[PDB]
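So you can see what is in the structure, the chains are spelled out below.
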Amino acid sequence: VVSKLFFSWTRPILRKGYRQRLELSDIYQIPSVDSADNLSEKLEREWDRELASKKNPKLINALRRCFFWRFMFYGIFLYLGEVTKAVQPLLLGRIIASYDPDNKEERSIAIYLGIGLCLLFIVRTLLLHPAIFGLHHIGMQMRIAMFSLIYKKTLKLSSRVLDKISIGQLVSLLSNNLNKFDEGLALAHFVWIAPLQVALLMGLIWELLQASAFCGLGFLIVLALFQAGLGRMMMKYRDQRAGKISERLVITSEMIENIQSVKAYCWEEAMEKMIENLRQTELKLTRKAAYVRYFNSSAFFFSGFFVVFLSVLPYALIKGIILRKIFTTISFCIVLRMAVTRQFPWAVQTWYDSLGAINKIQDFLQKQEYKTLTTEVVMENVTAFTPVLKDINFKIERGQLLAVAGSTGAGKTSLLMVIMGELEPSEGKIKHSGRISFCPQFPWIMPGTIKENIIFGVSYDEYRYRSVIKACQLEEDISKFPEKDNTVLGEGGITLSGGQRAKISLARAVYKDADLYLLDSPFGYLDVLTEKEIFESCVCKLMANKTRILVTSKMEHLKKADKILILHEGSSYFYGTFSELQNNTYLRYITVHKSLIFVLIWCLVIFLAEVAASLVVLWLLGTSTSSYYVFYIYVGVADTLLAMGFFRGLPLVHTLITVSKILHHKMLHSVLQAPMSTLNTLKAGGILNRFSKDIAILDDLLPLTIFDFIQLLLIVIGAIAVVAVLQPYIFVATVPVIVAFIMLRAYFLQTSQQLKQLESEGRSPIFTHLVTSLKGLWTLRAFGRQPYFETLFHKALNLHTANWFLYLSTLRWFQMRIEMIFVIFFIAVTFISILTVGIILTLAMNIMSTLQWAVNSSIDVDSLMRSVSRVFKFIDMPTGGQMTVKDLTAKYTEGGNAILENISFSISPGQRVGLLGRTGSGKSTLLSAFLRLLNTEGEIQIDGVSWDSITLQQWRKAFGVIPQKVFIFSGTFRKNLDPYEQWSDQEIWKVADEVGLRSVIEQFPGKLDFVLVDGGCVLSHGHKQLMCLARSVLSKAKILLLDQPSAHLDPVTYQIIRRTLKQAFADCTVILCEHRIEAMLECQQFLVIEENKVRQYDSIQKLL
Ligand SMILES: Nc1ncnc2c1ncn2[C@@H]1O[C@H](COP(=O)(O)OP(=O)(O)OP(=O)(O)O)[C@@H](O)[C@H]1O
Ligand SMILES: Nc1ncnc2c1ncn2[C@@H]1O[C@H](COP(=O)(O)OP(=O)(O)OP(=O)(O)O)[C@@H](O)[C@H]1O
Ligand SMILES: CC(C)CCC[C@@H](C)[C@H]1CC[C@H]2[C@@H]3CC=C4C[C@@H](O)CC[C@]4(C)[C@H]3CC[C@]12C
Ligand SMILES: [Mg+2]
Ligand SMILES: [Mg+2]
């Protein structure tokens, strides 16, 4: 009961982190009270009751019904601590008054008042920090519960709504409340405490001064109204900035998720300039908001002297004054100014932010839902949404395969979604058993082992798993990795090839036992032989007992299919059978800008001039009462004489934002120029979290926190120096305090930094799991694995929250053991109970009263400095047509498996050198090694210029790339086709022609103006391939490395690729990696990547 009160349970973790490293096991396990599952259960029950019983559902009521009693129980103790703070200066002024021979009504009562002031100090100690920690815990619990509720709603979110809300919206939504909602609950409870403290202090100052407390309160109220107006005007500057932040975040997320494609296209300058275009707009509002918040937070320091002036003039002008009763006024007014200028506007701002976040989150939870209501799949007169489908109708019995064929953009995938239940048929009905197994057209590989990616959250079945992995031809690929079957794949499956990803997705679809199977072209990225073997082993032999609908464009599959449905423009052209058809961090933060140092020098010079002026004025100015109170007045009013005005704080804020600008620009340039192996080393959710938080902190929190720390440090230094020049014993007495302060701060910093880094790197899993949940929500709701993904999210939330709560508990231990212990049990007990010299060491109390605040600001600065440390650690990253290659070894890592081992060949100019090889052989590896994206070796001399005779970008400029991973970023069709805008709309409309996008672009509301959100989800997969083809055509170059251009096209649309090959690339060399026999027939030279070694053939007949 006392261990929790004193937070002595953090002793073991602090002791371990003092001399060791907190890797994974010494982080304490989460308690059961704040477990994410339990918190989500309680909040979900309350929210469901609220929207079932009330008329206008409000999340604030649901949160109140479960947290209000604890909130108020901590708030009353917080108010008691504030009351002990506001009653302290009465005792202080009645104690330090007994320092002169004047013994008026004070005889032998200082010894009876010091022991009371000590008790008040210790009761403030025991009553403030536990309440603050309780409020922090309540905030963390509320954040956990709301995050889990949001994740459940996202799992249940409709498909139509997802067409507009993207990853950036969600990541910006959880970026703020993850580290502000918790810390605001210890500051939003001053809304009724600050008025009460103001009332109490007004009563006391009316007791002291007759009728000047109200006169001072008038100016204080005017300043508080101005502060509230500034806060309201500042909320607007963040509302208009959140959208820009989200857009930049999603743009850079798509950029880094396809950094291979960016490097292949040489889109480093283009995408850098694109991101800075949004960065400038965001930073304009960031700078405006930072100026406004500087003026809002500097109204405390530049108000003390004016408040004292206005509260003394109407009394001292007619009734006299003495230093005792002006110092009591100053002591009361310091607390009054803090309460009404630093505590009430802060509380109002925090309440506004919390209510806005709660309302936005409730709006998110109040979006459209996703409704679903012998497996004889019937479908009659179904129309989908111009209509994507039109009068599509079919009937399938149990154990009867049906094949859906048609042109690109016909609506085969759309029909599959209408079958599953995602798309809403405006007219018609769908009748089938609920169980559905889906193999998406673009395979989705979630982070985790291959076993997890295949089983997908069901009971492990040895025989079924072996049969699936043997039928899908995946055993050969599986028995090559260091882990035989349980090998961990990165997010998005970037370690595997396209064919391996397709095989894994098809295996996952097959493994699940469902009545209906929707194989959305599972043989798109697979070559002819593997596709044939999989079709007659995993679609016609294993699952030859249950109905399955698969999209195909091969006459063999159509002949096998018992029913054929051909779609053209969304209309069922034919529906029958085939037979029927046949008829250093600080040192580098400051020095990264050549103007931050100048601003700091200016501030230091002005501060020194102000200190000299104060010292000479005090020397000129300085009986018995006035012989020692003058320094007390100066050190109680120093917060105004040594405050930064608009001449030394506004430039500091501006430079501290420009530092964030240059840091982000350098970090983005380093990301673009980082080696591909190191980019593979990191993740994508981690990159998104870094660009979301470690730049937002630098933009908003860090400049203002550094301003506050410098303000407090300057005030402390000036108050020390001016008084110590006159009275050196002040600085003599302050040393034994500051040494312990610095000692404890250092003793806790080397563990707080580790905990902060652990929290920062434990934040990435939540974002990287939500990213995959949103990317594969389609298959998630097809498979019904929402409970499994909810359990995964809860595990990730617990993993992050245990670490974060441990860090906050350690920080609270430090901020208690310094503030309310290392002052209250040393200074306020041995500097007041020495009543014998009591003037030259009692002012140490008053100086330390703000030195502890300076130390708090410094420790907050160092806590925030971890973001800059991470940003800098990222910044430190390193950086005719003939071809002749020799001794080329393409390894993805220095110590991995050499994919190619001494491959050598020659390519004549104007020769289409097609490339063959089974899936997983290394064809894409060879194409990437041509651009030396990976490590690579040897020389790729082209007409004379070798690898080392030309810089990397100039080398890559002479290549045309069509990657298997189609890269489309957010932006218009014009931007997608040419970020550099080298060719105008007239010169790109022709490229849209002769490629098949004339009938596709014009369908959208804006011709070359539609914003392709969600990674080009609006287009189909064939249209994505055609867009990449058109982009390659626009990027007029030679020695094109075509990497499966017609990956999912059909022979009707493959003629587009064919005539583009024979027209646009009239005289050049093509290295096309197409798996289509029709496209391979026209090639003049062939390379077969077998046994990890290429060959040199000359004709198809010599090939076979
Ligand atoms: N980034 C990577 N890091 C490590 N290994 C990789 C990486 N990318 C691919 N591999 C592996 O190295 C080998 C090279 O395959 P590659 O990616 O070149 O595909 P591929 O044979 O061209 O594919 P397909 O014909 O199916 O399109 C494969 O075994 C693949 O799983
Ligand atoms: N999310 C979406 N919002 C609006 N229109 C969409 C969306 N997804 C697809 N479409 C459009 O619906 C039509 C049908 O596309 P669909 O993906 O069903 O084609 P498909 O037959 O699967 O094509 P492919 O041969 O490329 O696989 C196209 O005109 C496409 O642009
Ligand atoms: C926490 C707050 C709301 C409690 C109520 C306000 C208090 C602080 C105010 C209201 C009335 C005030 C009192 C009004 C009159 C007197 C008589 C005078 O000879 C001594 C001070 C004294 C006793 C004042 C002290 C402060 C006082 C008690
Ligand atoms: Mg499709
Ligand atoms: Mg490939």
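Its PDB record attributes the structure to cryo-EM, giving the resolution as 3.4 Å.

The chain goes by Cystic fibrosis transmembrane conductance regulator in the PDB entry, where it is assigned to Homo sapiens. Under the heading Sequence similarities, UniProt records this for the chain: "Belongs to the ABC transporter superfamily. ABCC family. CFTR transporter (TC 3.A.1.202) subfamily."

Asks: Help me out: how do you make sense of the packing of aromatic side chains in this one?
Replies: What the rule picks out here adds up to 45 aromatic pairs. Among the aromatic side chains, those forming a connected cluster through ring pairs are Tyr99, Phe327, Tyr628, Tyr629 and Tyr632. A cation sits over an aromatic face here: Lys4 above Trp9, 4.1 Å from the ring centre. Residue placement shows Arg232 over the ring face of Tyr352; its charged tip is 4.7 Å from the ring centre.

Asks: When you look at the domain arrangement of the chain in this model, what are you seeing that I'm missing?
Replies: The extent of an interface is frequently quoted as the accessible surface area lost upon association of the parts. For the chain, the assigned domains read domain 1 (3–17 + 33–368 + 592–875), domain 2 (377–581) and domain 3 (883–1103). Each of domain 1 and domain 2 was reduced to a C-alpha centroid, and the two centroids are 54 Å apart. Across the boundary between the two partners, domain 1 contributes 19 residues, which contact 23 residues of domain 2. Taken together, both faces of the contact between domain 1 and domain 2 bury some 1,900 Å²; the carbon and sulfur share is 60%. By the criterion of area lost to domain 2, the three top residues of domain 1 are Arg160, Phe783 and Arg785, representing 34% of everything that side buries. In this assembly, domain 1 and domain 2 are joined by one salt bridge. Between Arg781 and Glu422 there is a salt bridge; the shortest N-O distance is 2.4 Å. Where domain 1 packs against domain 2, one counts six residue pairs in polar contact.

Asks: Before we go on, may I ask you to explain the coordination of the magnesium ion (ligand 5) in this structure?
Replies: Protein ligation of the magnesium ion (ligand 5) involves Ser924 (OG) and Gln964 (OE1), the donor distances falling in the range 2.0 Å. One end of the pair, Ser924, is in helix α35 (residues 923–930); the other, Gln964, is in the loop between β15 (960–962) and α37 (973–977), and 40 residues separate them in sequence.

Asks: Can you help me understand the site of ligand 1 in this one?
Replies: Lining the immediate environment of ligand 1, one finds 18 residues, of which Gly922, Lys923, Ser924, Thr925 and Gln964 sit closest. At a separation of 2.8 Å, an oxygen atom of ligand 1 approaches a polar side-chain atom of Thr919. Here ligand 1 loses 85% of its free accessible area of 640 Å² to cover by the protein chains. Elements that contribute at least two residues to the shell around ligand 1 include exactly α19 (498–511) and α35.

Asks: How do you make sense of the site of ligand 2 when you look at a structure like this?
Replies: What surrounds ligand 2 is a group of 17 residues, the closest being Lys412, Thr413, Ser414, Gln441 and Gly1022. A distance of 3.4 Å separates a nitrogen atom of ligand 2 from a polar side-chain atom of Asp163. Residue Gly1022 places a main-chain N or O atom 2.4 Å away from an oxygen atom belonging to ligand 2. Protein chains bury 81% of the 650 Å² of accessible surface belonging to ligand 2 in isolation. Taken together, the elements giving at least two residues each to the shell around ligand 2 come down to α15 (412–420) and α41 (1021–1034). For the shell around ligand 2, the class distribution of residues is five nonpolar, ten polar and two charged.

Asks: When you look at the pairing of strand β5 (residues 436–439) in this model, what are you seeing that I'm missing?
Replies: Consecutive side chains of a regular strand alternate in pointing toward one face of the sheet and then the other. Of the two faces of β5, both are covered, the one formed by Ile436 and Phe438 as well as the one formed by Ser437 and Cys439. Looking at chain direction, β5 and strand β8 (residues 516–519) are connected through four bridges and run parallel. For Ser437, the partnering residue across the bridge sits in β8 and is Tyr517.

Asks: I'm lost on the packing of helix α7 (residues 167–177) against helix α30 (residues 728–775) in this one. Help?
Replies: Relative orientation and spacing of two packed helices are given, respectively, by the angle between their axes and the distance between those axes. Relative orientation of the contacting elements α7 and α30 amounts to 150 degrees, with a least axis distance of 11 Å. If you check the angle between α7 and α30, you find them roughly antiparallel. Relative to α30, α7 is oriented so that their crossing is right-handed. In contact with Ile167, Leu170, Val171, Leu174 and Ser175 of α7, α30 contributes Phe767, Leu770, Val771, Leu774 and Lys775. Considered class by class, the residues forming the contact of α7 with α30 number eight nonpolar, one polar and one charged.

Asks: Would you mind showing me how to read the side chain of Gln1085 here?
Replies: With respect to the secondary-structure elements, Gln1085 resides in strand β17 (residues 1085–1088). Excluding anything up to four places from it in sequence, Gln1085 contacts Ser906, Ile907, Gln911, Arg912, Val913, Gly914, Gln1096 and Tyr1097.

Asks: Teacher, can you tell me more about the sheet that holds strand β4 (residues 427–431) here?
Replies: Strands pair in a sheet through their backbones, by hydrogen bonds, and they do so in one of two ways: parallel or antiparallel. Spatially, three strands are ordered β2-β1-β4 in an open sheet, and the strand pairing comes out antiparallel. Strands at the two margins of the open sheet, each flanked by one partner only, are β2 (392–396) and β4. Taking the axes of each pair of neighbouring strands and ignoring which way they run, one obtains an average angle of 10 degrees across the sheet. As paired elements, strand β1 (residues 377–383) and β2 share four bridges and run antiparallel to each other. Bridging from a neighbouring strand, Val382 pairs with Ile392 of β2.

Asks: Is there a simple way to explain the coordination of the magnesium ion (ligand 4) in this structure?
Replies: Perfect tetrahedral coordination of a metal by four donors corresponds to 109.5 degrees between them, and perfect octahedral coordination by six donors corresponds to 90 or 180 degrees. Coordination of the magnesium ion (ligand 4) by the protein comes from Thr413 (OG1), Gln441 (OE1) and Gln441 (NE2), over a distance range of 2.0 to 2.2 Å. Taken together, the positions of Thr413 in helix α15 and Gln441 in the loop between β5 and β6 (448–449) put the pair 28 residues apart, joining distant regions of the chain.

Asks: Even after reading the chapter, I still don't get the pairing of β17, so can you show me in this structure?
Replies: By the alternation rule, side chains of β17 split into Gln1085 and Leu1087 and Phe1086 and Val1088, which are all buried. When strand β14 (residues 913–916) meets β17, the two strands line up parallel, connected through four bridges. The partner of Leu915 across the bridge, within β17, is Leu1087.

Asks: Help me understand helix α28 (residues 685–693) in this model?
Replies: Helical periodicity: at 3.6 residues per turn, an α-helix aligns residues three or four positions apart in one direction. The buried count for α28 comes to nine of nine residues, which makes it a mostly enclosed element. For α28, the full list of buried residues reads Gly685, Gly686, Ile687, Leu688, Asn689, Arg690, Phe691, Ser692 and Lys693. As for α28, its buried residues are in contact with α7, α10 (213–257), α26 (650–673), α29 (696–726), α30 and α34 (843–875).

Asks: Just to check I follow, could you spell out a nonpolar patch on the surface for this structure?
Replies: Taken together, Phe305, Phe306, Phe309, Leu310, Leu313, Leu317, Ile318 and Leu641 make up a surface patch of nonpolar side chains, about 740 Å² in accessible area. Take the nonpolar patch: its biggest share by element is seven residues, from helix α13 (residues 304–319). Following the sequence through the fold, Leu641 ends up in helix α25 (residues 626–641).

Asks: Would you mind going over unusual backbone geometry with me for this structure?
Replies: Most peptide bonds adopt trans geometry, and most residues besides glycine take a negative phi value. Although it is not a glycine, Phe7 sits at a positive phi angle of roughly 55 degrees. Inspection of the secondary structure assignment puts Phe7 in the loop between α1 (3–6) and α2 (11–19). Positive phi is not limited to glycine here, since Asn902 has a value of about 60 degrees. With respect to the helices and strands, the residue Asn902 is situated in the loop between β12 (883–888) and β13 (903–907). Overall, the relative accessible area of 41% leaves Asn902 in the partly exposed class.

Asks: So what exactly am I meant to see when it comes to the nonpolar core here?
Replies: Soluble globular proteins tend to pack their nonpolar side chains together in the buried interior. Formed by 319 residues in total, the largest nonpolar core has its most connected members in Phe394, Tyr589 and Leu663. Here the element with the most residues in this core is helix α5 (residues 111–155); it accounts for 19 residues. Every residue in contact with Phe394, bar those within four places of it in the chain, is listed here: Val377, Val378, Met379, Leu402, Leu415, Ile419, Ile549, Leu565 and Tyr575.

Asks: For this particular structure, what's the right way to read the sheet that holds strand β9 (residues 548–551)?
Replies: Here six strands make up an open sheet; going across it, the order is β5-β8-β9-β3-β10-β11 and the pairing mixed. Each end of this open sheet is capped by a strand with a single partner; those strands are β5 and β11 (571–576). Sheet twist, expressed as the average angle between the axes of neighbouring strands with direction ignored, equals 15 degrees. In the packing of α19 onto the sheet, the strands contacted are β5 and β8, and the crossing angle to β5 comes to about 170 degrees.

The rules we used
Residues numbered from 1 in each chain as written, not as in the entry; some residues may be left out. Chains lettered and ligands numbered in written order. Heavy atoms only, no water. UniProt positions renumbered as here; feature names shortened; annotations may be inferred. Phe/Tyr/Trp six-rings, centres within 6.5 Å; stacked < 30°, edge-to-face > 60°. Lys NZ or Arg CZ within 6 Å of the ring centre and 35° of its normal. Domains from an automatic or database assignment. Contact = heavy atoms within 4.5 Å. Buried area = accessible area lost by both parts, 1.4 Å probe. Salt bridge = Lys/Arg side-chain N within 4 Å of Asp/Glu carboxyl O. Polar contact = N/O pair within 3.5 Å; in protein donor to acceptor, adjacent residues only side chain to side chain. Donors = N, O, S within 2.8 Å, 3.2 Å for Na, K, Ca; no water. Helix = DSSP H or I, 4+ residues; strand = E, 2+ residues; numbered from the N terminus. Near = heavy atom within 4 Å. Areas by Shrake-Rupley, 256 points an atom, 1.4 Å probe, with all protein chains shown as cover. Nonpolar A, V, L, I, M, F, W, Y, C, P; charged D, E, K, R; others polar. Buried < 20%, exposed > 50% of the residue type's maximum accessible area, 1.4 Å probe, protein only. Pairing = 2+ DSSP bridges. Axes fitted to C-alpha atoms, helices over the stretch in contact; angles between N-to-C directions. Parallel < 35°, antiparallel > 145°, perpendicular 65-115°, else oblique. Left-handed = near helix turned anticlockwise from the far one by under 90°. Patch = residues over 30% accessible without salt bridge, like charges linked within 9 Å, V, L, I, M, F, W, Y side chains within 5 Å. Core = buried A, V, L, I, M, F, W, Y, C linked by side-chain atoms within 4.5 Å.

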